[PDB]
Amino acid sequence: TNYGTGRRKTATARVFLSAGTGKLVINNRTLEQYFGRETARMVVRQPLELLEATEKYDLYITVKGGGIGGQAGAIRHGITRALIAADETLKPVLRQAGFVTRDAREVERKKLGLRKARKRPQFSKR
Amino acid sequence: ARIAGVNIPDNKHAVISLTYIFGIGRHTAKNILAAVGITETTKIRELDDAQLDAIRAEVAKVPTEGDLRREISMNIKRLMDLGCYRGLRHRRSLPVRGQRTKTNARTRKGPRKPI
Amino acid sequence: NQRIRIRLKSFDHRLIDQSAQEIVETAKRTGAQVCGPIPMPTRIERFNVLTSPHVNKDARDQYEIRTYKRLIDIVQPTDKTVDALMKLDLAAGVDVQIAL
Amino acid sequence: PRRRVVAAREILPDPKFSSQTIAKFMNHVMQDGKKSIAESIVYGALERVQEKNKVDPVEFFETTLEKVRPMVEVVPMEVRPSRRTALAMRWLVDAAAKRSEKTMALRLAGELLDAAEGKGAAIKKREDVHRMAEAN
Amino acid sequence: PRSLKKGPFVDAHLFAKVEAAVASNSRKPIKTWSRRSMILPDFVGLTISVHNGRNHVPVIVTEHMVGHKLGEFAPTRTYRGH
Amino acid sequence: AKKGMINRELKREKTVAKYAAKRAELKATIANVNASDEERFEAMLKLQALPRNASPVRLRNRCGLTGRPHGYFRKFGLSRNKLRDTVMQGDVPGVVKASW
RNA sequence: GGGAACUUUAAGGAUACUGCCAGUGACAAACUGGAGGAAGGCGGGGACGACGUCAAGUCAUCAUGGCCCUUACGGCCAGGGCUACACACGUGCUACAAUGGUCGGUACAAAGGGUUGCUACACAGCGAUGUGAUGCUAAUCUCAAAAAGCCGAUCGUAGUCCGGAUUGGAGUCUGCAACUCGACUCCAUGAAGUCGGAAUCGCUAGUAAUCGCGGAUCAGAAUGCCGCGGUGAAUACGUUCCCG
């Protein structure tokens, strides 16, 4: 019914939220089947746990790009935006939780003359 | 257990124990075990005498210790006698396969020799 | 079902956009229905050029050149459409390819 | 930093117990970005101690960390509250590694269980610290 | 090494000289700069003077040399010690 | 580069251009299964009997302006020293300073 | 079949200005805190290098004053050398293991390259690879398998089922041609190494650490260089001391 888009480290999540009984599916897979480490699943579940509404909604989620952590963060962001697009009064609680903020940190480019973004080759006076 | 003249470990898996014989690696060990019919996770200490004889029969089909060391010695001696470039490298105890010698030849050279 | 497919390539995106807009307006004047212009992904080639004549490896200039691509689809072309498109002038710096 | 004073970084609580102490201990355990392995070790240790004694893992860990926590370091100096926890976790990490259980989670659970009753190598390290401290 | 599907490589001029000597039986050495040519079974019993960069070193080809390149028996660098 | 080196490269290029067809035919015959083993051997000998400069592995890319044999950049056909000078004054279309 | 919603692609725009609220500075410049907001005080990164210093570097990219050679200090060729080796130094790669090795099963990227090129698929081989064949001048086809990760089994602290140097044997490919002097594959071998003295280096956040992917040069030949993303920390009391 309601829609949300989440983004985190080149990962984008499309989230479709409707009323239901707690069904969840990501890329035609169960949460357990998609995320192996449990912390990612817990990150995915944070928004509804903080609202005590885990068994009141059905989620249809697709995600593309990034890694496991990035995709989990993007799914959380998309779920938060979909909840806000359903109930406008819910935004202050989710903002206090910190979910509405888009994490803008990204990989810094490698620079000429350096081994990495900041790492510099070993120096010697002699 | 004694196979091919050496005492391989008894408490290890057969596929690891058979590699203690000169001239037998992991691939050869798996080949021998598959040809005999023994699983690779079976320990040596829990094998019977008939199975040991069967394994010895297969081991006899490859050059293992004395014949193989002899063959390698003859191969090196032939080059050193012929006097080709590889024979000269073997005589001088220097790298044979084209590696640099200005630095990094310590495996062939031995410990550093102070001037 | 005679569809005209036009592909535009350039090193300058302002030039390519101007050419695409001119083509679309020329087709709409004749009265056909057009789809686009659709921007295809851009190619970026990078180069590292040493600036010192002899020895400064960390002193380099980094250059790039981009190739922009546009796609235009013309469906149900009027008889005047092909003639007008061929009569359209060739702007420098833009490559135009037409497939029927 | 001469002029500028920099704020301390704020870290998120761990997803399971919402405990910043557990999160920081996991960060200390983790090497080269393998937070999954660090989580496995820490959560295994907590489950092990919980099944050994039916006590809340957070309370047990905080009580043991307070027991190991030093009021002074090592040549005596003074330390601040943050350094207290940092050094407590630091010393707690090593003794588990030198233990002899088959997995790191089991080793760390055993080390915590032994330090809680006072017969721990981290406890011995703290004893070395304070018997060094009375020198001055 | 060179692929077996191609066969051994021998320079045409050196091969022609070897064939001429073997058709004849002359014992004078065959002078060559072809360090890269492979020693064939026909080479056995002949003296080849292989260039080594500054000189032509004589090599008397025996049976055990077959399968080697001619340059393996004429080293190019001089070293006696430091 | 010295003028002799440039003339040497020109001569090698001309020889490669001259012997291109015969070399391709010889290699095709070598790789031809239906041909007899004797024919393949004769083709191999014929290919080995060509002049050395007929082979293209002996060509070295040199700057089109100065003949420098290092830092070639096939796309522009210019070594780095001339590429920098020509780019920074606007004579190379589409190339700009790269930042990202 | 269809839809133009969403992701994306890529052009043009909007937004942040101490704007609002609460104290300070000085009655200022400024400073501190809070709400809203994706973002709050320069949000992050790149490019851009003042007047000047070092007779700094480059006559071997190129140009150019002067000097020097002219059957040679010019030009052509084959072979050799730039790859040597009692030693010393700089910059790196791989390890010394259990937060690991191996085996089986199973997930998630970004960027870039491709027509004398990349190749689906089938057959042959243990394999490098070979043969036939298909699509692609590319958001269309392809390089391509991401890897660390998760689940299960085993190994149980041993110079080991750690490590992968060296050497013997047998091969593939590029190339006219792999001896000096190529890369890769298979069997065998299995060195030093059990965490490194005096001393010394990098890094303040998506950074360090760690994991894989691509390109320029290029017939072939990267642990170098230039880029790309995945996972993802610790600590800053302060200016005595060391350096500029």
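Values reported hereafter were calculated over all heavy atoms of this structure, with side chains retained and with hydrogens, waters and symmetry mates removed. Letters A, B, ... mirror the listed sequences (proteins, then strands); counts begin at 1.
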Legend entry - Contact pattern, 5' to 3', of nucleotides 80-87 of chain G - B, S or - by protein heavy atom under 4.0 Å: SSSSSBBB
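- Dashed line: the shortest gap from a side-chain N or O of C/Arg43 to OP1 or OP2 of G/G114 is under 4.0 Å.
- Out of G/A10, G/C226, G/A38, the shortest distance to the side chain of A/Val100 is found at G/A38.
- Comparing the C1' positions of G/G220 and G/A178 gives a spacing of 10 Å, expressed to the nearest Å.
- For the pair C/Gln62 and G/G227, the criterion of a side-chain N or O lying under 4.0 Å from OP1 or OP2 is met.
- Computed from coordinates, the B/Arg97 CZ to G/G164 P distance equals 18 Å when rounded to whole Å.
- Stacking check, G/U61 with G/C62: both criteria met, centre separation under 5.5 Å and interplanar angle under 30°.
- Nucleotide G/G149 has G/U106 as its partner under the Watson-Crick or G-U criteria, with both atom distances under 3.5 Å.
- Regarding contacts with the backbone of G/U204, a side-chain N or O of A/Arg118 is found under 4.0 angstrom from either OP1 or OP2.
- Between C/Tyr68 and C/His13, the ring planes lie perpendicular to each other; the angle is over 60°, past the 30° to 60° tilted range.
- In this structure, F/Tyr72 and F/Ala98 both approach RNA chain G, and ranking their closest nucleotides by distance from the 5' end singles out F/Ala98.
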List, with names and distances, any nitrogen or oxygen atoms from the protein found under 3.5 Å away from nitrogen or oxygen atoms belonging to nucleotides 59-61 of chain G.
unit_1: G/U61; atom_1: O4'; unit_2: F/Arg68; atom_2: NE; d: 3.2
unit_1: G/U61; atom_1: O2'; unit_2: F/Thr66; atom_2: OG1; d: 2.9

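- Taking only side-chain nitrogens and oxygens, B/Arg26 never comes nearer than 4.0 Å to OP1 or OP2 of G/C186.
- Sugar pucker of G/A11 is north, as judged by a positive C1'-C2'-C3'-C4' dihedral.
- Residue A/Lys116 places at least one side-chain N or O under 4.0 Å from the OP1 or OP2 atom of G/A209.
- When the side-chain nitrogen and oxygen atoms of D/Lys24 are compared with OP1 and OP2 of G/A234, one or more of them lie within a distance under 4.0 Å.
- For the pair F/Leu59 and C/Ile44, nearest-nucleotide mapping onto RNA chain G gives the more 5' position to C/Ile44.
- In this structure G/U185 sits in a base pair with G/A170, meeting the Watson-Crick or G-U test at under 3.5 Å.
- Salt bridge present: C/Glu45 and C/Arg43 bring a charged side-chain N and a carboxylate O closer than 4.0 Å.
- Stacking annotation: G/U210 and G/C211 stacked (six-membered ring centroids under 5.5 angstrom, interplanar angle under 30°).
- Contact annotation: A/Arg115 reaches the phosphate of G/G92 (side-chain N/O to OP1 or OP2, under 4.0 Å).
- The shortest distance between the side-chain N/O atoms of F/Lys75 and the OP1/OP2 oxygens of G/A216 is not below 4.0 Å.
- Using a 4.0 Å cut-off between charged nitrogen and carboxylate oxygen, D/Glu39 and D/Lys35 do not count as a salt-bridge pair.
- Of all the heavy atoms in C/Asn56 and C/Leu50, the pair that sits closest is O-CD2, 3.8 Å.
- We find that A/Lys9 and A/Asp103 are not joined by a salt bridge, their nearest charged nitrogen and carboxylate oxygen being 4.0 Å or further apart.
- Between F/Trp100 and the phosphate of G/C228, there is a side-chain N or O to OP1/OP2 separation shorter than 4.0 Å.
- In this model, the phosphate group of G/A216 is not approached by any side-chain N or O of F/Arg74 to a distance below 4.0 Å at OP1 or OP2.
- Between B/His90 and B/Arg108, some side-chain heavy-atom pair lies under the 4.5 Å cut-off.
- Side-chain nitrogen and oxygen atoms of A/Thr101 include none within less than 4.0 Å of the OP1 or OP2 phosphate oxygen of G/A38.
- At the phosphate of G/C89, neither OP1 nor OP2 sits under 4.0 Å from any side-chain N or O atom of A/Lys125.
- The phosphate of G/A109 (OP1 or OP2) has no side-chain N or O of A/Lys9 nearer than 4.0 angstrom.
- Contact check, A/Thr12 against G/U8: a side-chain N or O comes under 4.0 Å of OP1 or OP2.
- Put simply, the side chain of E/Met38 does not reach to within 4.5 Å of the side chain of E/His68, judged on heavy atoms.
- Nucleotide G/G224 forms a pair with no other nucleotide shown, judged by Watson-Crick or G-U wobble geometry with both contacts under 3.5 Å.
- Look at the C1' atom in both G/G212 and G/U223: the space between them is 16 Å, to the nearest Å.
- A negative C1'-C2'-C3'-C4' torsion places the sugar of G/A178 in the south, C2'-endo-side range.
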Under 3.5 Å, which N/O atoms of the protein pair with N/O atoms of nucleotides 239-242 of chain G?
unit_1: G/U239; atom_1: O4; unit_2: D/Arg2; atom_2: N; d: 3.1

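- At least one test fails for A/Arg14 against the ring of A/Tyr3: distance under 6.0 Å to the centre or angle within 45° of the axis.
- G/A86 is unpaired under the criterion used here, namely a Watson-Crick or G-U wobble arrangement in which both key atom distances are under 3.5 Å.
- You'll find the ring centres of B/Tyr85 and E/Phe73 outside the 6.0 Å limit.
- Pairing partner, G/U239: none, since no Watson-Crick or wobble contact has both distances short of 3.5 Å.
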